[PDB]
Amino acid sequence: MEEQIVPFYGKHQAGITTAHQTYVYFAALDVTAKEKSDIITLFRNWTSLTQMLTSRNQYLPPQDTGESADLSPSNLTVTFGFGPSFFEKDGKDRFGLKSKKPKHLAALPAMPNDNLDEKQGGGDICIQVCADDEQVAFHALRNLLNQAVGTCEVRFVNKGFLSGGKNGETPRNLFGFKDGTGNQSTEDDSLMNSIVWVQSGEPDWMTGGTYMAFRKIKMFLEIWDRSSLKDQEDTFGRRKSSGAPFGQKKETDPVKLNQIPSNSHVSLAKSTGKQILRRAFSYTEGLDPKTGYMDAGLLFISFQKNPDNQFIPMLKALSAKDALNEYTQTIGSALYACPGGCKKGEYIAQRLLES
């Protein structure tokens, strides 16, 4: 194989329109330090380390933890984002960043379907670590988090997986359906600018950036597995094996809305007329300690340049009447502003944090 490296420095952060890797570690952190200088050091230390990750005194602790020494970089990417709590917490503006706060960075509105665990969402800082090998992804996250002890406390850490098809087929979620068809092509720069990338109207540090929505969505695999193929397909409006819209021959044929249930998932999301870039991963977390049922679902991640215009209307349309709600439950939620890309020589979020 060729080198499995994704460029870290550029106009954009990697991990967004980068091709979807197989594994993710997703962590949220809260800043406990009270001085912006500590955060500056964090982000320049994170930048140098991430550049190393993505590319003699025995009485001292090893600088690196060592468990990816013999492994390929496996298309490792690290994406950083800022939560609303980074800018304002407990009624006070932090670190003097009011002038630089993004337009659309607020917590997502409360939906009635939600069973949100506050500790499973939010966070001042998110770190999305993706690679085609789970040990590589964990190694990257662990070394990054090792730098933040002293400055931050980790809020939560999730991990997930999503295997694309052997022949390049659209990857399937835990319900067995191709997941990602409705995305536009990430190699179409024009469409990514219109959907994902902030181009103007925001602070300089957010230009070339995007907003990341995070929803941890439990999936009721047991009752889904007892449901008929027809019910499963009716839930989505696509046929399970082909991923083709109802009444169509191929996965990539256009959805015909008059042929699918109006409460189906695809119909409702298509109804808004809005677009986002989904980049989710499945998770399994053993058995629910309470119910003794399998804990599994979707780490739903999507990017959009304007979440108020593109993402909240989807939540509203789905939270109302989505057939998928029978089989899912949102238990975690967060929104993060992902900075524009980093130039070599500079550090992540330098335009935001620097005086």
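One rule holds for the numbers: they count along the sequence shown, beginning at 1.
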query: Interresidue gap class [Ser55, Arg56; deposited sequence, unmodelled]; finding: 4 to 9
query: Greater mean Cα temperature factor according to the PDB record, 147-155 or 105-113; finding: 105-113
query: 280-288 set against 188-196, stretch whose average Cα temperature factor tops the other in the entry; finding: 188-196
query: Member of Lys240, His265, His139, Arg94 with the greatest C-alpha B factor (per the PDB record); finding: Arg94
query: Top Cα B factor in the deposited entry, candidates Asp225, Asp179, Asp90, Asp132; finding: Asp90
query: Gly345 by Cα B-factor - lowest, middle or highest third of the modelled chain; finding: highest
query: CA B-factor placement of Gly208, once the chain's modelled residues are sorted into thirds; finding: middle
query: Relative C-alpha B-factor of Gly165, binned into the chain's lowest, middle or highest third; finding: highest
query: Within-chain third of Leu324 by Cα B-factor, per the entry; finding: middle
query: Chain thirds of CA B-factor: placement of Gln232; finding: middle
